[PDB]
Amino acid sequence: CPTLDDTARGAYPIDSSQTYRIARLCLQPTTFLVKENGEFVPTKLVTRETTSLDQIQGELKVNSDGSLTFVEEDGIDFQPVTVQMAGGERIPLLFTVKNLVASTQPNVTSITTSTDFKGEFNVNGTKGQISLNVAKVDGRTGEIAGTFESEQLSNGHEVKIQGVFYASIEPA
């Protein structure tokens, strides 16, 4: 995924007379954890191709309480991944945010480093929750970056995925 300019600073104002969209959301996983003996334990990523979800996009609605809701409407939102447990078992996983709907706190008059998106996704047998923690905003360009954590069920396993994200916001 892309990154922000070294001089990126500020907040991205939200004009409540305008409508907005996420033009691109890119999720790059850094960590896959699988539950074993009741504990989430780390695994080794063995897939050598790209594991990122990218081109995710959709309307960013301004709600009556001032919160924003992102509705995923298109994107590459599904990547097959294989991870390896310490003892050697290989587990095929599905990394996805298909049908994501995620919302911020109320009264979000700008996007700032304390804005969060929290939501749920679900595709066939995979259902999950994700939190996007914004860490840096370029108020000039509408680019944001941060970290994410997702929890899901994939092929009979409880899985936690962490990583970094980039997104681009623009008017409609």
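Residue positions are given as counts along the sequence shown, with the first one as 1.
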item: Higher-scoring stretch by recorded Cα B factor average, 129 to 137 or 65 to 73; value: 65 to 73
item: Stretch with the greater mean C-alpha B-factor as recorded in the entry, comparing 88 to 96 against 75 to 83; value: 88 to 96
item: Among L25, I161, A11, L153 - the residue whose C-alpha B-factor is largest in the record; value: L153
item: Options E49, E39, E120, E59 - largest CA temperature factor per the record; value: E49
item: Chain-wide C-alpha B factor ranking for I111, given as lowest, middle or highest third; value: middle
item: CA B-factor placement of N124, once the chain's modelled residues are sorted into thirds; value: highest
